[PDB]
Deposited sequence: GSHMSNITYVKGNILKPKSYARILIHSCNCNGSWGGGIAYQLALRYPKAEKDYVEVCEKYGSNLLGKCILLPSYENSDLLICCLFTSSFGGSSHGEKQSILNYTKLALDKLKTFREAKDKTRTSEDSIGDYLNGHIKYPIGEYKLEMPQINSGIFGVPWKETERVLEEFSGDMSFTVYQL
């Protein structure tokens, strides 16, 4: 009910403000998949992500951080920390699903009021940003999308998501 599916590339530019949500490891590696593409296009955001990983490490599991893209004042990046390591070393799919839930709940709480890096680089009220994501967890982390979907649909009534399908 709160999910809208779009087929297309989430990184094609849009004219409206949005938060790009994606699933992250705590090892400072935007190393593959969508994270690699964000690293190529938003290197200052990658720097912030790496600094947060250096400061907190796997203590970040279940949290999210909102980062400026810096290249586009219409785009913020929301990192959901759902696994200690990336690539083949990722956590158990049950763990990733539960940290996704916990991280999205912190984002929900923030919008209703994570934002330390936004100070000075957020253009609009946080509620004005659309929440968009690829099919997170379903690639390098291997979690069947339908399981993450149930996590997304639990936030029905508080948050609406646009999910890009390639």
Exercise for review: Mind pulling out the bits of the deposited sequence that never got modelled, as residue ranges from 1?
Suggested key: 1-4, 118-127
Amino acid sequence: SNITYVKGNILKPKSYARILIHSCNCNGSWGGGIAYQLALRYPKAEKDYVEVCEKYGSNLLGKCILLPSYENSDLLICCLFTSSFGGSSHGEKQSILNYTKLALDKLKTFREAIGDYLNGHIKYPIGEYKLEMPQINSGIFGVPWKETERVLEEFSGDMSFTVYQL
From here on, numbers count along this sequence of modelled residues.
Exercise for review: Could you settle it for me: does 134-142 or 93-101 have the higher average Cα B factor in the PDB entry?
Suggested key: 93-101
Check your understanding: Of 36-44 and 103-111, which one has the bigger average CA B-factor?
Key -> 103-111
Practice item. Report the option among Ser69, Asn27, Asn59, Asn119 whose CA atom has the maximum B-factor in the deposited record. Key: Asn119
Review point. What third of the chain, by the recorded C-alpha B-factor, contains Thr82?
Key: lowest
Review point. What third of the chain, by the recorded C-alpha B-factor, contains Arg18?
Key: lowest
